[PDB]
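In what follows, a single structure is set out as structure tokens and then discussed.
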Amino acid sequence: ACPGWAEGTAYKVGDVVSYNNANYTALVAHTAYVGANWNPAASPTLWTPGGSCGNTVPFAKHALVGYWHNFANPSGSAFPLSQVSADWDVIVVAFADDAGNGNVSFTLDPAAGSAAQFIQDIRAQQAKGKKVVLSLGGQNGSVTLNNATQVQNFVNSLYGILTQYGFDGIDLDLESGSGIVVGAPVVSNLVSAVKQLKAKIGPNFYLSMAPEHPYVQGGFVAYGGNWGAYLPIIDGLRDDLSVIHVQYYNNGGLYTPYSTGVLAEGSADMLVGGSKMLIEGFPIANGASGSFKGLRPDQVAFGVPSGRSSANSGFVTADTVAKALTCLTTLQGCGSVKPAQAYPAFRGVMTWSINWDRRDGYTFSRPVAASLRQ
Ligand SMILES: CC(=O)N[C@@H]1[C@@H](O)[C@H](O)[C@@H](CO)O[C@H]1O
Ligand SMILES: [Ca+2]
Ligand SMILES: [Mg+2]
């Protein structure tokens with residue numbers, strides 16, 4: 001085994017230590033001075049991970065979905081797609097860039113290697129049964145779909161990207177900058193755009209959505225502005241939706257019909273409750289008598305932060321995730337929120353992110369994949 005990382009210790013370049021039961025290799029000869037907290041999970045300038053001493057598109061029945069940073073951030077730089085651990089079932093490349101008007105582009109972070117190597121890495125991951133999809137979102141995640149011309153640019157440019165790189169499909173993580181509100185033209189145009197894109201690609205087209213819960217389950221309690229604004233998008237694309245994994249973080253608690261009070265952020269109940277609403281369906285505070293029709297369990301997963309650096313609120317332990325999963329799948333280990341019937345085909349778990357999980361020593365992916373794996 002590798003020696004545990006410890007403050008007061010002098011390290012040389014190439015030294016391998018154990019931290020959070022994972023390995024890190026020293027990038028710089030240095031001492032971890034006491035009180036500085038220069039630990040491997042917090043210090044990518046000092047440590048790099050590694051070293052030693054229906055019918056929908058077919059993908060993992062119980063899947064671990066994660067986002068792969070096509071950029072550098074406090075988690076560290078991007079890393080080659082080939083090195084994404086086997087615990088991940090769907091690798092979501094984050095992100096594509098808005099190019100306007102309607103146009104989308106993609107440019108690889110050079111730290112991931114050459115475009116040619118990246119394309120080979122995609123094939124190699126697919127050869128192992130993984131899906132590799134392109135996410136719309138992030139810093140340039142403001143898509144304009146206000147007229148038919150922009151829709152066509154959207155469809156054509158994304159078709160070019162997918163066919164060139166061999167992505168299995170797309171992920172929608174774009175709602176915060178794209179003005180997705182009730183009554184906005186983008187709501188109708190996005191559904192039309194995705195349908196047209198898939199028609200060009202074929203039935204292998206993978207489609208996922210990662211909206212924040214006010215845009216979805218929020219509709220139960222309020223319908224206007226962003227609240228409930230994603231529901232007709234889901235409804236319009238339900239035949240094409242591979243999986244929706246709502247982000248149950250950064251937006252406080254969740255009001256469901258399964259408890260007299262809101263379900264607490266970071267609780268298994270909230271994860272179970274949010275998932276129940278998507279599967280059973282729920283009334284919409286329409287003003288009319290509108291309702292959201294439930295999805296198949298295989299179309300539903302829940303999204304959580306991979307760790308403390310991944311979000312501002314809504315953090316969960318691996319144990320909490322495991323509890324929510326077994327509750328949903330086998331009606332066992334439930335809290336105060338219980339499914340009406342078991343969902344043996346519940347799709348699973350999404351996390352931001354693969355990179356943060358890697359930086360933190362696979363503390364999310366390892367136990368959660370094990371839970372999904374039974
Ligand atoms: C007993 C043993 O082989 N332990 C190794 C460990 O030293 C290494 O850091 C880790 C990362 O690959 O893989 C383990 O299997
Ligand atoms: Ca989102
Ligand atoms: Mg944080």
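Each chain of the structure tokens is named A, B, ... in the order shown, its residues numbered from 1; ligands are numbered from 1 in display order.
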
Enumerate as a PyMOL selection string the residues within 6 Å of ligand 1, counting only C-alpha atoms and all ligand atoms. chain A and resi 1-2+23+51-53

If you keep N, CA and C atoms, can you produce a file of those selected residues as a PDB file, in the first residue's frame?
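What ended up in out.pdb:
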ATOM      1  N   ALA A   1       0.823  -1.203   0.000  1.00  0.00           N
ATOM      2  CA  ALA A   1       0.000   0.000   0.000  1.00  0.00           C
ATOM      3  C   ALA A   1       0.861   1.258   0.000  1.00  0.00           C
ATOM      4  N   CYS A   2       0.291   2.361  -0.474  1.00  0.00           N
ATOM      5  CA  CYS A   2       0.984   3.642  -0.468  1.00  0.00           C
ATOM      6  C   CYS A   2       0.867   4.305   0.900  1.00  0.00           C
ATOM      7  N   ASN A  23      -4.946   7.023  -4.810  1.00  0.00           N
ATOM      8  CA  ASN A  23      -3.583   7.482  -5.036  1.00  0.00           C
ATOM      9  C   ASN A  23      -3.442   8.816  -5.729  1.00  0.00           C
ATOM     10  N   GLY A  51      -1.139   6.583  -9.881  1.00  0.00           N
ATOM     11  CA  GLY A  51       0.090   6.031  -9.338  1.00  0.00           C
ATOM     12  C   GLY A  51      -0.144   4.850  -8.413  1.00  0.00           C
ATOM     13  N   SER A  52       0.931   4.137  -8.087  1.00  0.00           N
ATOM     14  CA  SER A  52       0.861   3.022  -7.145  1.00  0.00           C
ATOM     15  C   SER A  52       2.230   2.729  -6.541  1.00  0.00           C
ATOM     16  N   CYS A  53       2.241   1.950  -5.463  1.00  0.00           N
ATOM     17  CA  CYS A  53       3.480   1.560  -4.800  1.00  0.00           C
ATOM     18  C   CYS A  53       3.507   0.053  -4.570  1.00  0.00           C
TER      19      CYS A  53
END

Report as a PDB file with N, CA, C and O atoms, in the first residue's frame which protein, DNA and RNA residues come within 12 Å of ligand 3, using only C-alpha atoms and all ligand atoms.
ATOM      1  N   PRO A  74     -11.346  24.743 -10.505  1.00  0.00           N
ATOM      2  CA  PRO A  74     -10.595  24.382  -9.292  1.00  0.00           C
ATOM      3  C   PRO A  74     -10.424  22.875  -9.026  1.00  0.00           C
ATOM      4  O   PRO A  74      -9.664  22.516  -8.137  1.00  0.00           O
ATOM      5  N   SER A  75     -11.094  22.012  -9.784  1.00  0.00           N
ATOM      6  CA  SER A  75     -10.888  20.567  -9.650  1.00  0.00           C
ATOM      7  C   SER A  75      -9.554  20.154 -10.253  1.00  0.00           C
ATOM      8  O   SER A  75      -9.069  19.045 -10.020  1.00  0.00           O
ATOM      9  N   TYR A 249     -30.004  19.925  -6.296  1.00  0.00           N
ATOM     10  CA  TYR A 249     -29.076  20.741  -5.520  1.00  0.00           C
ATOM     11  C   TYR A 249     -29.152  22.207  -5.917  1.00  0.00           C
ATOM     12  O   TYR A 249     -29.690  22.549  -6.973  1.00  0.00           O
ATOM     13  N   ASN A 250     -28.618  23.061  -5.043  1.00  0.00           N
ATOM     14  CA  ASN A 250     -28.566  24.505  -5.247  1.00  0.00           C
ATOM     15  C   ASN A 250     -29.932  25.189  -5.272  1.00  0.00           C
ATOM     16  O   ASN A 250     -30.016  26.366  -5.596  1.00  0.00           O
ATOM     17  N   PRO A 305     -24.771  16.397  -6.067  1.00  0.00           N
ATOM     18  CA  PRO A 305     -23.358  16.801  -6.117  1.00  0.00           C
ATOM     19  C   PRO A 305     -22.448  15.627  -5.769  1.00  0.00           C
ATOM     20  O   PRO A 305     -22.842  14.800  -4.951  1.00  0.00           O
ATOM     21  N   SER A 306     -21.265  15.540  -6.367  1.00  0.00           N
ATOM     22  CA  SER A 306     -20.382  14.414  -6.078  1.00  0.00           C
ATOM     23  C   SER A 306     -19.671  14.611  -4.747  1.00  0.00           C
ATOM     24  O   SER A 306     -19.192  13.649  -4.143  1.00  0.00           O
ATOM     25  N   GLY A 307     -19.620  15.860  -4.290  1.00  0.00           N
ATOM     26  CA  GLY A 307     -18.958  16.202  -3.044  1.00  0.00           C
ATOM     27  C   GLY A 307     -19.154  17.669  -2.712  1.00  0.00           C
ATOM     28  O   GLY A 307     -19.868  18.381  -3.419  1.00  0.00           O
ATOM     29  N   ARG A 308     -18.505  18.123  -1.646  1.00  0.00           N
ATOM     30  CA  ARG A 308     -18.708  19.474  -1.121  1.00  0.00           C
ATOM     31  C   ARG A 308     -18.307  20.593  -2.084  1.00  0.00           C
ATOM     32  O   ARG A 308     -18.850  21.694  -2.016  1.00  0.00           O
ATOM     33  N   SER A 309     -17.363  20.321  -2.979  1.00  0.00           N
ATOM     34  CA  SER A 309     -16.906  21.349  -3.911  1.00  0.00           C
ATOM     35  C   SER A 309     -17.759  21.406  -5.174  1.00  0.00           C
ATOM     36  O   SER A 309     -17.545  22.260  -6.033  1.00  0.00           O
ATOM     37  N   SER A 310     -18.731  20.506  -5.280  1.00  0.00           N
ATOM     38  CA  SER A 310     -19.492  20.349  -6.518  1.00  0.00           C
ATOM     39  C   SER A 310     -20.734  21.237  -6.601  1.00  0.00           C
ATOM     40  O   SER A 310     -21.334  21.375  -7.668  1.00  0.00           O
ATOM     41  N   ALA A 311     -21.119  21.830  -5.478  1.00  0.00           N
ATOM     42  CA  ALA A 311     -22.337  22.630  -5.416  1.00  0.00           C
ATOM     43  C   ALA A 311     -22.341  23.494  -4.165  1.00  0.00           C
ATOM     44  O   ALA A 311     -21.416  23.427  -3.361  1.00  0.00           O
ATOM     45  N   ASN A 312     -23.384  24.303  -4.003  1.00  0.00           N
ATOM     46  CA  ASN A 312     -23.501  25.169  -2.834  1.00  0.00           C
ATOM     47  C   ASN A 312     -24.389  24.566  -1.752  1.00  0.00           C
ATOM     48  O   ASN A 312     -24.275  24.917  -0.580  1.00  0.00           O
ATOM     49  N   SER A 313     -25.281  23.666  -2.153  1.00  0.00           N
ATOM     50  CA  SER A 313     -26.174  22.993  -1.216  1.00  0.00           C
ATOM     51  C   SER A 313     -26.717  21.720  -1.847  1.00  0.00           C
ATOM     52  O   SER A 313     -26.674  21.566  -3.065  1.00  0.00           O
ATOM     53  N   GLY A 314     -27.227  20.812  -1.022  1.00  0.00           N
ATOM     54  CA  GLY A 314     -27.824  19.589  -1.530  1.00  0.00           C
ATOM     55  C   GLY A 314     -26.873  18.410  -1.535  1.00  0.00           C
ATOM     56  O   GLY A 314     -27.112  17.416  -2.219  1.00  0.00           O
ATOM     57  N   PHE A 315     -25.798  18.522  -0.760  1.00  0.00           N
ATOM     58  CA  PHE A 315     -24.798  17.467  -0.658  1.00  0.00           C
ATOM     59  C   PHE A 315     -25.383  16.202  -0.054  1.00  0.00           C
ATOM     60  O   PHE A 315     -26.233  16.263   0.830  1.00  0.00           O
ATOM     61  N   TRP A 352     -22.641  15.739 -10.750  1.00  0.00           N
ATOM     62  CA  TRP A 352     -21.576  16.678 -11.049  1.00  0.00           C
ATOM     63  C   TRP A 352     -20.512  16.490  -9.975  1.00  0.00           C
ATOM     64  O   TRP A 352     -20.752  16.847  -8.826  1.00  0.00           O
ATOM     65  N   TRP A 356     -14.625  16.167 -10.354  1.00  0.00           N
ATOM     66  CA  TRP A 356     -14.592  16.411  -8.918  1.00  0.00           C
ATOM     67  C   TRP A 356     -14.489  15.094  -8.161  1.00  0.00           C
ATOM     68  O   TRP A 356     -13.792  15.009  -7.150  1.00  0.00           O
TER      69      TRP A 356
END

Which neighbours of segment 341-348 of chain A fall inside 10 Å, counting only C-alpha atoms, when residues of the same chain fewer than 5 positions from it are skipped, and could you give them as a PyMOL selection string? chain A and resi 59-65+242-245+275-276+279+296-303+321+324-332+368-369+371-372

Quick one: write out the picked residues with C-alpha atoms as a PDB file, in the first residue's frame?
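Done, and the output landed in again.pdb:
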ATOM      1  CA  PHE A  59     -27.476   1.532 -21.929  1.00  0.00           C
ATOM      2  CA  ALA A  60     -26.736   0.428 -18.342  1.00  0.00           C
ATOM      3  CA  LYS A  61     -29.993  -0.627 -16.664  1.00  0.00           C
ATOM      4  CA  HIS A  62     -28.777   0.905 -13.419  1.00  0.00           C
ATOM      5  CA  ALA A  63     -26.511   3.682 -14.608  1.00  0.00           C
ATOM      6  CA  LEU A  64     -24.003   6.036 -13.041  1.00  0.00           C
ATOM      7  CA  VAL A  65     -24.076   9.244 -15.087  1.00  0.00           C
ATOM      8  CA  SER A 242     -33.484   8.282 -22.595  1.00  0.00           C
ATOM      9  CA  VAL A 243     -33.210   9.611 -19.041  1.00  0.00           C
ATOM     10  CA  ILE A 244     -34.059  12.740 -17.099  1.00  0.00           C
ATOM     11  CA  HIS A 245     -31.929  13.350 -14.028  1.00  0.00           C
ATOM     12  CA  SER A 275     -38.280  10.661  -8.601  1.00  0.00           C
ATOM     13  CA  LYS A 276     -41.796   9.549  -7.619  1.00  0.00           C
ATOM     14  CA  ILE A 279     -42.819   8.500 -12.477  1.00  0.00           C
ATOM     15  CA  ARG A 296     -41.217   5.099 -17.220  1.00  0.00           C
ATOM     16  CA  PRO A 297     -38.852   4.282 -14.329  1.00  0.00           C
ATOM     17  CA  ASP A 298     -36.102   3.543 -16.880  1.00  0.00           C
ATOM     18  CA  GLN A 299     -36.366   7.201 -17.957  1.00  0.00           C
ATOM     19  CA  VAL A 300     -35.775   8.633 -14.497  1.00  0.00           C
ATOM     20  CA  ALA A 301     -32.652   9.165 -12.404  1.00  0.00           C
ATOM     21  CA  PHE A 302     -31.674  11.683  -9.729  1.00  0.00           C
ATOM     22  CA  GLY A 303     -28.850  14.225  -9.864  1.00  0.00           C
ATOM     23  CA  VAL A 321     -27.755   7.654  -2.307  1.00  0.00           C
ATOM     24  CA  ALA A 324     -32.746   6.254  -2.035  1.00  0.00           C
ATOM     25  CA  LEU A 325     -31.851   3.625  -4.650  1.00  0.00           C
ATOM     26  CA  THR A 326     -32.916   0.540  -2.683  1.00  0.00           C
ATOM     27  CA  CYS A 327     -36.078   2.348  -1.567  1.00  0.00           C
ATOM     28  CA  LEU A 328     -36.998   3.169  -5.158  1.00  0.00           C
ATOM     29  CA  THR A 329     -36.021  -0.241  -6.565  1.00  0.00           C
ATOM     30  CA  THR A 330     -37.126  -2.679  -3.843  1.00  0.00           C
ATOM     31  CA  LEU A 331     -39.256  -0.657  -1.401  1.00  0.00           C
ATOM     32  CA  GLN A 332     -36.679  -1.372   1.318  1.00  0.00           C
ATOM     33  CA  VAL A 368     -22.367   4.405  -5.626  1.00  0.00           C
ATOM     34  CA  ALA A 369     -21.468   2.184  -8.598  1.00  0.00           C
ATOM     35  CA  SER A 371     -24.774   0.111  -4.908  1.00  0.00           C
ATOM     36  CA  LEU A 372     -26.139   0.328  -8.458  1.00  0.00           C
TER      37      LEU A 372
END

Using only C-alpha atoms, what does the table of segment 92-174 of chain A residues within 12 Å of segment 209-221 of chain A look like, with each row giving the shortest atom pair and its distance in Å to one decimal, sorted by chain and ascending number, as CSV?
residue,atom,partner,partner_atom,distance
A:92,CA,A:210,CA,11.0
A:133,CA,A:209,CA,11.3
A:134,CA,A:209,CA,11.4
A:135,CA,A:209,CA,9.1
A:136,CA,A:209,CA,9.7
A:137,CA,A:210,CA,9.9
A:169,CA,A:209,CA,11.3
A:170,CA,A:209,CA,8.6
A:171,CA,A:209,CA,5.5
A:172,CA,A:209,CA,4.6
A:173,CA,A:210,CA,5.2
A:174,CA,A:211,CA,7.9

Where in segment 78-192 of chain A does DSSP assign helix (DSSP H, G or I), given as a ChimeraX atom specification? /A:81-83,110-112,115-126,148-165,185-192

Could you take the residues named above and write them with C-alpha atoms, as a compact mmCIF listing (two decimals), in the first residue's frame?
# COMPACT_ATOMS: atom_id res chain seq x y z
CA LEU A 81 -11.35 10.68 -21.80
CA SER A 82 -9.62 7.29 -21.93
CA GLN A 83 -8.87 7.56 -18.20
CA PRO A 110 -6.05 20.30 -25.50
CA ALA A 111 -5.25 18.77 -22.09
CA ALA A 112 -7.55 15.91 -23.15
CA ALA A 115 -9.08 15.64 -31.43
CA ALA A 116 -8.06 12.41 -33.18
CA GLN A 117 -7.12 10.76 -29.88
CA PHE A 118 -10.30 12.06 -28.25
CA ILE A 119 -12.35 10.46 -31.03
CA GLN A 120 -10.52 7.17 -30.44
CA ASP A 121 -11.16 7.50 -26.70
CA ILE A 122 -14.89 7.87 -27.38
CA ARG A 123 -14.92 4.66 -29.44
CA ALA A 124 -12.91 2.81 -26.77
CA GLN A 125 -15.35 3.84 -24.04
CA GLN A 126 -18.31 2.89 -26.24
CA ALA A 148 -37.21 28.69 -37.53
CA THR A 149 -33.84 29.92 -38.81
CA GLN A 150 -32.18 29.43 -35.44
CA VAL A 151 -33.80 26.01 -35.08
CA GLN A 152 -32.23 24.97 -38.38
CA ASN A 153 -28.80 26.26 -37.32
CA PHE A 154 -29.19 24.33 -34.06
CA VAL A 155 -30.12 21.12 -35.85
CA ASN A 156 -27.51 21.33 -38.61
CA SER A 157 -24.52 22.38 -36.49
CA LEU A 158 -25.18 19.75 -33.80
CA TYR A 159 -25.63 17.11 -36.50
CA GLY A 160 -22.18 18.07 -37.77
CA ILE A 161 -20.64 17.77 -34.31
CA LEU A 162 -22.26 14.45 -33.40
CA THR A 163 -21.40 12.81 -36.73
CA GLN A 164 -17.82 14.10 -36.62
CA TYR A 165 -16.94 13.02 -33.08
CA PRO A 185 -40.88 30.43 -27.90
CA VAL A 186 -37.81 28.39 -26.89
CA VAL A 187 -40.05 25.86 -25.13
CA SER A 188 -41.74 24.78 -28.38
CA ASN A 189 -38.72 25.33 -30.60
CA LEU A 190 -36.41 23.19 -28.46
CA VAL A 191 -38.69 20.16 -28.72
CA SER A 192 -38.96 20.65 -32.48

Tell me, as number ranges by chain, which residues lie within 12 Å of residue 49 of chain A, counting only C-alpha atoms; anything in the same chain fewer than 6 positions away does not count. A: 14-27, 39-43, 75-77, 79, 83-85, 355-362

Next, the residues of the selection above should be written as a short mmCIF file (atom, residue, chain, number, x, y, z; two decimals), in the first residue's frame with N, CA, C and O atoms.
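So result35.cif came out as:
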data_model
loop_
_atom_site.label_atom_id
_atom_site.label_comp_id
_atom_site.auth_asym_id
_atom_site.auth_seq_id
_atom_site.Cartn_x
_atom_site.Cartn_y
_atom_site.Cartn_z
N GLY A 14 7.03 12.73 -8.15
CA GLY A 14 6.86 11.33 -8.45
C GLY A 14 6.45 10.49 -7.25
O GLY A 14 6.06 9.33 -7.41
N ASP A 15 6.55 11.06 -6.06
CA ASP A 15 6.11 10.38 -4.84
C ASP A 15 4.62 10.06 -4.90
O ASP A 15 3.81 10.90 -5.29
N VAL A 16 4.26 8.85 -4.50
CA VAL A 16 2.86 8.43 -4.50
C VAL A 16 2.35 8.24 -3.08
O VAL A 16 2.95 7.50 -2.30
N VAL A 17 1.25 8.90 -2.75
CA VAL A 17 0.65 8.76 -1.43
C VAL A 17 -0.79 8.29 -1.52
O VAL A 17 -1.40 8.35 -2.58
N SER A 18 -1.33 7.82 -0.40
CA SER A 18 -2.73 7.44 -0.32
C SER A 18 -3.54 8.53 0.38
O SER A 18 -3.12 9.04 1.42
N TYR A 19 -4.68 8.88 -0.20
CA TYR A 19 -5.56 9.88 0.38
C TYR A 19 -7.00 9.60 -0.05
O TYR A 19 -7.27 9.42 -1.23
N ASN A 20 -7.91 9.58 0.93
CA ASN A 20 -9.28 9.14 0.71
C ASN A 20 -9.32 7.76 0.05
O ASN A 20 -10.17 7.49 -0.80
N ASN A 21 -8.37 6.91 0.44
CA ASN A 21 -8.21 5.57 -0.11
C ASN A 21 -7.99 5.56 -1.61
O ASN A 21 -8.39 4.63 -2.30
N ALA A 22 -7.33 6.60 -2.11
CA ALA A 22 -6.96 6.66 -3.52
C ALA A 22 -5.54 7.19 -3.64
O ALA A 22 -5.00 7.75 -2.68
N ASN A 23 -4.95 7.02 -4.81
CA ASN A 23 -3.58 7.48 -5.04
C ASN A 23 -3.44 8.82 -5.73
O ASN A 23 -4.25 9.19 -6.58
N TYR A 24 -2.37 9.51 -5.36
CA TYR A 24 -2.00 10.76 -5.97
C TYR A 24 -0.49 10.79 -6.14
O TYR A 24 0.25 10.33 -5.26
N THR A 25 -0.03 11.31 -7.27
CA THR A 25 1.39 11.44 -7.55
C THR A 25 1.81 12.90 -7.42
O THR A 25 1.15 13.79 -7.96
N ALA A 26 2.91 13.14 -6.71
CA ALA A 26 3.41 14.49 -6.50
C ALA A 26 3.91 15.13 -7.79
O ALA A 26 4.66 14.52 -8.55
N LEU A 27 3.48 16.37 -8.03
CA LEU A 27 3.90 17.13 -9.20
C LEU A 27 5.08 18.03 -8.89
O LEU A 27 5.84 18.41 -9.78
N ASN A 39 -3.76 19.28 0.97
CA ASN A 39 -4.03 17.87 0.74
C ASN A 39 -4.28 17.60 -0.75
O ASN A 39 -4.67 18.51 -1.49
N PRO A 40 -4.05 16.36 -1.20
CA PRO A 40 -4.17 16.01 -2.62
C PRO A 40 -5.53 16.34 -3.25
O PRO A 40 -5.56 16.68 -4.43
N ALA A 41 -6.62 16.24 -2.50
CA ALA A 41 -7.94 16.53 -3.06
C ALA A 41 -8.15 18.02 -3.25
O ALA A 41 -8.98 18.45 -4.05
N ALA A 42 -7.39 18.82 -2.51
CA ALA A 42 -7.55 20.26 -2.54
C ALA A 42 -6.45 20.96 -3.34
O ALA A 42 -6.51 22.16 -3.55
N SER A 43 -5.45 20.21 -3.80
CA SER A 43 -4.27 20.85 -4.38
C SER A 43 -3.78 20.21 -5.67
O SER A 43 -2.81 19.46 -5.67
N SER A 75 -11.09 22.01 -9.78
CA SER A 75 -10.89 20.57 -9.65
C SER A 75 -9.55 20.15 -10.25
O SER A 75 -9.07 19.05 -10.02
N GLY A 76 -8.97 21.05 -11.04
CA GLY A 76 -7.78 20.75 -11.79
C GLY A 76 -8.06 20.86 -13.28
O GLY A 76 -9.18 21.21 -13.68
N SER A 77 -7.06 20.57 -14.10
CA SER A 77 -7.21 20.63 -15.54
C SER A 77 -8.05 19.46 -16.04
O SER A 77 -8.31 18.51 -15.31
N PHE A 79 -8.67 16.04 -18.21
CA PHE A 79 -7.84 14.86 -18.34
C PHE A 79 -8.40 13.99 -19.47
O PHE A 79 -9.59 14.08 -19.77
N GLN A 83 -9.19 7.85 -19.60
CA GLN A 83 -8.87 7.56 -18.20
C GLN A 83 -10.10 7.59 -17.28
O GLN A 83 -9.97 7.35 -16.08
N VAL A 84 -11.26 7.89 -17.84
CA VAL A 84 -12.50 7.87 -17.07
C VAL A 84 -12.76 6.45 -16.56
O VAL A 84 -12.76 5.49 -17.33
N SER A 85 -12.97 6.32 -15.25
CA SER A 85 -13.02 5.01 -14.61
C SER A 85 -14.20 4.17 -15.07
O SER A 85 -15.23 4.71 -15.50
N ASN A 355 -14.92 14.75 -12.84
CA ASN A 355 -13.67 15.40 -12.46
C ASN A 355 -13.55 15.67 -10.96
O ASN A 355 -12.50 15.43 -10.37
N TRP A 356 -14.63 16.17 -10.35
CA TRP A 356 -14.59 16.41 -8.92
C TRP A 356 -14.49 15.09 -8.16
O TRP A 356 -13.79 15.01 -7.15
N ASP A 357 -15.17 14.06 -8.66
CA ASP A 357 -15.09 12.74 -8.04
C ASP A 357 -13.66 12.20 -8.12
O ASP A 357 -13.15 11.63 -7.15
N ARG A 358 -13.03 12.37 -9.28
CA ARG A 358 -11.65 11.94 -9.49
C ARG A 358 -10.69 12.68 -8.57
O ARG A 358 -9.82 12.07 -7.93
N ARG A 359 -10.85 14.00 -8.50
CA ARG A 359 -10.00 14.84 -7.66
C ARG A 359 -10.14 14.45 -6.19
O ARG A 359 -9.16 14.47 -5.44
N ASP A 360 -11.35 14.08 -5.79
CA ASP A 360 -11.64 13.74 -4.40
C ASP A 360 -11.32 12.29 -4.05
O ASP A 360 -11.51 11.86 -2.91
N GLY A 361 -10.83 11.52 -5.03
CA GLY A 361 -10.42 10.15 -4.79
C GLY A 361 -11.48 9.10 -5.03
O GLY A 361 -11.48 8.06 -4.38
N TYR A 362 -12.38 9.37 -5.97
CA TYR A 362 -13.45 8.44 -6.35
C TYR A 362 -14.34 8.06 -5.17
O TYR A 362 -14.85 6.94 -5.11
#

Taking the DSSP assignment computed from this structure's backbone, write out as a ChimeraX atom specification all residues of segment 124-373 of chain A that belong to strand (DSSP E). /A:131-137,169-173,206-209,243-247,281-283,291-293,300-305,348-352

Separation of atom CA of residue 351 of chain A and atom CA of residue 265 of chain A, in Å? 15.5 Å

Hey, what's within 9 Å of residue 177 of chain A if we count only C-alpha atoms and toss same-chain stuff fewer than 5 positions away? As a PyMOL selection string, please? chain A and resi 137-143

Can I get the selection written as a tab-separated table (two decimals), in the first residue's frame, with C-alpha atoms?
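Once written, part39.tsv looks like this:
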chain	number	residue	atom	x	y	z
A	137	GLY	CA	-24.80	24.20	-21.01
A	138	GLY	CA	-22.05	25.89	-19.01
A	139	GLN	CA	-20.46	29.27	-19.57
A	140	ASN	CA	-21.72	29.36	-23.16
A	141	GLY	CA	-24.98	27.57	-22.39
A	142	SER	CA	-27.28	30.35	-23.58
A	143	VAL	CA	-29.07	28.94	-26.62

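Remark: for ligand 2, the closest of the candidate residues A:280, A:287, A:304, A:55 is A:304 (distances computed over only C-alpha atoms and all ligand atoms).
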